[PDB]
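Student: this one's a deposited entry, sequence included:
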Amino acid sequence: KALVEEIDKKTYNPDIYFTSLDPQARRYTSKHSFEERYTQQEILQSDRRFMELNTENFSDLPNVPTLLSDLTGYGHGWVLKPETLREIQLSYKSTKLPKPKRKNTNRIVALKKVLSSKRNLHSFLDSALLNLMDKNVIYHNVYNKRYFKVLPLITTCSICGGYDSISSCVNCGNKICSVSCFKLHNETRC
Amino acid sequence: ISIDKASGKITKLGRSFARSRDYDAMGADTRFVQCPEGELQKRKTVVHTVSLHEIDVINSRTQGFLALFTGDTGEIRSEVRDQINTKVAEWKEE
Amino acid sequence: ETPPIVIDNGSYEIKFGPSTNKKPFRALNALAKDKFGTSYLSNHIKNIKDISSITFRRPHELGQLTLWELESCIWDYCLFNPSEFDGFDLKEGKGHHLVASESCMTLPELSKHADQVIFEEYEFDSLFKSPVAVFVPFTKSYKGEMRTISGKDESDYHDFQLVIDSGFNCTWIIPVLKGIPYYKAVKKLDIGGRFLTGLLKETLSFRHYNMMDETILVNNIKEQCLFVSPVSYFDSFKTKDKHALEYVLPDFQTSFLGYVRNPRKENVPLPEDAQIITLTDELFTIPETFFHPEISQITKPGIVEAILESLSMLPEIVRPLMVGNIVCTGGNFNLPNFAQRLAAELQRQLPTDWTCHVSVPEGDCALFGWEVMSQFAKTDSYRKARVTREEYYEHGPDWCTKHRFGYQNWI
Amino acid sequence: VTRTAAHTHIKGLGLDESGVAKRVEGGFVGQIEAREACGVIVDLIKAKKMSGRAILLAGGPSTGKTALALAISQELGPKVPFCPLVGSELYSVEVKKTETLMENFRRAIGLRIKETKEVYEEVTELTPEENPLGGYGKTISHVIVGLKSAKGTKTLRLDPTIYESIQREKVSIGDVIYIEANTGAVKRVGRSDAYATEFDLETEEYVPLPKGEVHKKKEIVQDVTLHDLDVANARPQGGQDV
Amino acid sequence: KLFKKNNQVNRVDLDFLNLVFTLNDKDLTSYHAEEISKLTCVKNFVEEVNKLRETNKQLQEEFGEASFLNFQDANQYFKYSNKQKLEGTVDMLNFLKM
Ligand SMILES: Nc1ncnc2c1ncn2[C@@H]1O[C@H](COP(=O)(O)OP(=O)(O)O)[C@@H](O)[C@H]1O
Ligand SMILES: Nc1ncnc2c1ncn2[C@@H]1O[C@H](COP(=O)(O)OP(=O)(O)O)[C@@H](O)[C@H]1O
Ligand code: BEF
Ligand SMILES: [Mg+2]
Ligand SMILES: [Zn+2]
Ligand SMILES: [Zn+2]
């Protein structure tokens, strides 16, 4: 540097340097697992968005409450329609052998009560056909314990797919590269 | 700031402008400087012209600007010129 | 009657038909309905010309179907029909040898509903319900085709094997220990076929006009264009200009499907009246979320973390052999170079002592697993694995899914 | 983008086993006797069987002495050393010219040395911790240091000197090193790409993640003359103080 | 920054080959060096090398018929362990030699 230059012991902290042209007239602030990185509201929002991603169209678009209740513990009213079920007795008219080969037992009745049971996984949770721990060893038997990242993150461009000349927005904090994308970022993303 | 990634010496060009009117009362005083014009980031293939004197004095001593200015290079040796010959040949080839 | 019959159950469709035959019987286990009130059958949507709006009322829920009044009727419509499904026939089931390889990942009560509907409505005699993942290692028994791929550089069935099945509703991973699965590590990747359809349609909503109503359009473009990156992310985008397609939309009234003109090919100078959506910067978003699901803004770490956890759960007595015996099955692994990329990234993760052996069939791996099980049932192993006719009534059927034919039997 | 200066039109003497020359070959035309003699001399040279041979040629300007010299230099290949310098360069300033002539003789003789070396390389984890066994304050002599690399991770502890080398490199947990075990010191590849992107800017290079297995091993072959060794030994190479 | 990149590519360690002798006399005495040189020649590190070579060769002679095979590390119940121990002892022995 400029040796023995002008300095009056004004700050000169190597990790503190705050200046501006005074449009706000303020100063600096003072006074590998995702489960230990961020809180739960945003991960819940991401899970809700992913469960919407499960929904394919108008058939499952309003099915989000059922999926949420499953996870947290004429379009969707079950596959029972007479235009589907009661008609199928003639849809196999090519050839079939539909015959009664069965005695009369409670299994035979369960063939029909469970047939159009109007029963879901939610009802399974609300029913005693399976015990309490079965749903736990169905749910918890899948999720991991602590391994959440062992290779780094990518942070791709939100709208385009650029890799260089990247930059974030002032207050939205969303990844982007092209300043052209900023024109719609400050309108629909920020 | 004409910053360079492999330099560590950030060069400040002075002052600059925003596109805001700031507050309501009388103000906006003391603002007449050059405002940034180019893009936020763009590659610059900067061209520098140097002679074999600078390269050789860099090879001879860890610091070379002192001998380039004062003028006390000190009769650099031949294998330096040979390795510079090879390096320049392959740089032209590359 | 010696020859058995094999059914490859699933969460979007099943592969039924006799074990003697080696050609598929794809029963698309998914109903739907159009935008004009009524509802279609399971496998008649493709022939219609209404691609403006789509409604998908399939029997399968998020994970699995939970009703049987029509889907069992659909199984009758597919299995019990010998005209369209020539040669193959399940007349009644009295002496029929069926292996309905259910998604045993279902609840034991679901297993018992399936067992009752096949032991009473179908009135079956022979049965050994294990996942096709149990029967995959039968390749060595007979002349079997498989590409031996290593990621180090760029009974009569096989004993040790760890399997990864892929599908539409869900994709699961399980270590099958010594031929019996270890269902205490039933792993699932949260993404699936419908998840992929939604991801593509939402990504292209920001790129073009709406595909939410025209989701079959997204399905077709995914079938025709999407693939797994050969090496990595950045190396695939750096030259997106040379591979940036232009999907020419179908003539919505007369044309069965749309198409794409290729910048690499000048063979099609024919334009279309319908506008052309320029597919430029959206290809590489999808294939990486299989490996790096954080692109899909989810809490799922990745397949690498799941597989390393699964192997670390297993002891050294099998775990080096278990990596030495890895097969990925299901339709989604027909996506090119998934196995090679996975093997390379694992060999990066795996230390210098565990040799890599990953096997993936060339093509739809669900059909490959189905035919491998067909060859399995051509042999006598199932014939000592089946249950006799006197093994259902005198004792509660639930016992079968508790000690013999239930996922709790292999937890 | 080419420059030919009275040469680059010559590539060899153009001879055979039987001492037969070619009238137009290798940029040389004529001089049957000179080409035969040069071929015999270079054949004697290639055997490495002798030392101190000498010869005088009587040749006027433009007769082709420099051309013959360049051709003979190219006969032995780039690896065989050569140092043809002007006769007026002997009269130096800082060293007596007979000493310079000895230095040139030292330079001319060649050699080919080799060495096999191993090296380890980001850092997976880190666990630092011997006893004084007496009146000493403590005894730190082992620290487990991670070694990520790409194809497998093999953490390992060594002499503490490697630990102080780790502090000398000032590498963080997500920082890649290149530690040749022959000395126990550190050669810095740079920072890493995995624990990177902690900030939008970084003057320090992110540096590509090291490729291959961590326990790297290799061998190097270098052809170095003796005068370089002499001048290297003459001056100090390290030091920390003034 | 445009020059110093071929350092590790073709560097032969002169200090590791003991050619920095002019800078080694600051803390060197003759009798200590001669005593160490006399008590240097093998006789301390080749013995365990031979000990491990014995077990490696006896396992490789007969049990090494399909020991190190990766297919044996894939289709077997003990040959995977044979491969593991063979590679382990090979790495131990060549590390000890180096
Ligand atoms: N070449 C391919 N690339 C990617 N995915 C494929 C390919 N071929 C088939 N698939 C996927 O395989 C799935 C079929 O799996 P399936 O067993 O029917 O699902 P489920 O078990 O949920 O019913 C389809 O949804 C399709 O997305
Ligand atoms: N026999 C030859 N054939 C081809 N070119 C020659 C021959 N002799 C000399 N030359 C050319 O003449 C040029 C000048 O030669 P020069 O070096 O002056 O010879 P001398 O060393 O005898 O004075 C050289 O560039 C060389 O290429
Ligand atoms: F049945 Be799935 F989608 F694996
Ligand atoms: Mg599948
Ligand atoms: Zn963008
Ligand atoms: Zn913004």
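Tutor: Ah, there it is. Numbering: from 1, shown residues only, chains lettered A, B, ... in the order given. Ligands and ions are numbered 1, 2, ... in the order given.

Student: chain B contacts on chain A?
Tutor: A:21, A:23, A:165, A:167, A:179 (C-beta under 8 Å from any C-beta of the partner chain). Placement of C-beta: from N, CA and C, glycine included.

Student: okay, those residues in JSON lines with neighbour count next?
Tutor: Below are the residues of chain A next to chain B laid out as JSON lines (neighbours: other C-beta atoms under 10 Å in any protein chain shown):
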{"residue": "A:21", "neighbour count": "13"}
{"residue": "A:23", "neighbour count": "12"}
{"residue": "A:165", "neighbour count": "15"}
{"residue": "A:167", "neighbour count": "14"}
{"residue": "A:179", "neighbour count": "13"}
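
Student: can you list these in TSV and add distance to residue C:128 and secondary structure?
Tutor: Shown next, in TSV, are the residues of chain A next to chain B (distance: C-beta to C-beta, whole Å; DSSP: H, G, I helix; E, B strand; the rest coil):
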residue	distance to residue C:128	secondary structure
A:21	79	coil
A:23	77	coil
A:165	60	coil
A:167	60	strand
A:179	63	helix
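
Student: between these, which is nearest residue B:65?
Tutor: Proximity of the residues of chain A next to chain B to residue B:65, judged by C-beta to C-beta, is greatest for residue A:165, which lies at 33.4 Å.

Student: near ligand 1 too, which of the residues of chain A next to chain B?
Tutor: On the criterion C-beta under 6 Å from any ligand atom, none of the entries of the residues of chain A next to chain B sits beside ligand 1.

Student: now, which of the residues you listed lie close to chain D?
Tutor: Checked against chain D using C-beta under 8 Å from any C-beta, those give the following subset in range: residue A:167.

Student: show me which of the residues of chain A next to chain B is closest to ligand 1.
Tutor: residue A:165 (32.5 Å; C-beta to the nearest ligand atom).

Student: quick revisit: and which of the residues of chain A next to chain B is nearest residue C:26?
Tutor: When those are compared for distance to residue C:26 (C-beta to C-beta), residue A:165 comes out closest, at 47.5 Å.

Student: over to the closest residue to residue C:392 other than its chain neighbours. Which of the three states is it?
Tutor: In space, not counting the residues next to it along the chain, residue C:392 is nearest to residue C:119; the distance is 5.2 Å by C-beta to C-beta, 6 or more residues apart in numbering or on different chains. With DSSP: H, G, I helix; E, B strand; the rest coil as the basis, residue C:119 sits in helix.

Student: so who does residue C:119 touch?
Tutor: By C-beta atoms under 8 Å, 6 or more residues apart in numbering or on different chains, the contact set of residue C:119 is A:107, C:127, C:392, C:397.

Student: so residue C:16 touches residue C:8, yeah?
Tutor: Yes: proximity of residue C:16 to residue C:8 meets the contact threshold set by C-beta atoms under 8 Å, at 7.4 Å.

Student: tell me which of those two has more neighbours.
Tutor: Regarding residue C:16 and residue C:8, a neighbour count based on other C-beta atoms under 10 Å in any protein chain shown identifies residue C:8 as having more, with 28 against 23.

Student: for residue 48, what are phi and psi?
Tutor: No chain in the question, so chain A it is. The phi and psi torsions at residue A:48 (degrees, to the nearest 10) take the values phi -60, psi -40.

Student: contacts only, for it.
Tutor: Contact partners of residue A:48, counting by C-beta under 8 Å, 6+ apart, are A:64, A:68.

Student: dihedrals phi and psi, the residue positioned nearest the centre of chain D?
Tutor: Residue closest to the average C-alpha location in chain D (C-alpha atoms, centre = their mean): residue D:222, at 5.5 Å. Main-chain dihedrals, residue D:222, degrees, to the nearest 10: phi -130, psi 130.

Student: for the nearest residue to it once chain neighbours are set aside, pull up the helix or strand it's in.
Tutor: Leaving aside its chain neighbours, residue D:222 sits nearest to residue E:12 (5.1 Å; criterion: C-beta to C-beta, 6+ apart). Element membership of residue E:12, judged by DSSP states H and E, is empty: it is in no helix or strand.

Student: quick check: residue E:12 vs residue E:19, distance?
Tutor: Computed with C-beta to C-beta, to the nearest Å, the distance linking residue E:12 and residue E:19 is 10 Å.

Student: and what of residue D:119?
Tutor: In terms of C-beta to C-beta, residue D:119 sits 20 Å off from residue E:19.

Student: and if you look at residue C:339?
Tutor: If you measure residue C:339 against residue E:19 using C-beta to C-beta, the figure is 52 Å.

Student: of the two, who's got more company?
Tutor: residue C:339 (23 against 15).

Student: quick one, what contacts the more buried one?
Tutor: Going by C-beta under 8 Å, 6+ apart, the list of residues near residue C:339 reads C:149, C:328, C:333, C:358-360.

Student: again, only this time at 6 Å
Tutor: Residues counted as contacts of residue C:339 (C-beta atoms under 6 Å, 6 or more residues apart in numbering or on different chains) are C:149, C:328, C:358, C:360.

Student: could you find the closest non-adjacent residue to it?
Tutor: Across the structure, with C-beta to C-beta, 6+ apart as the measure, the residue nearest residue C:339 apart from its sequence neighbours is residue C:360 (3.9 Å).

Student: run a quick neighbour tally on that neighbour.
Tutor: Neighbours of residue C:360 (other C-beta under 10 Å): 25.

Student: now do the phi/psi pair for residue 63.
Tutor: Unless you meant another one, I'm taking chain A. For residue A:63, the backbone dihedrals (degrees, to the nearest 10) come out as phi -80, psi 0.

Student: switch to chain E, please.
Tutor: Dihedral pair for residue E:63: phi -70, psi -10, per degrees, to the nearest 10.
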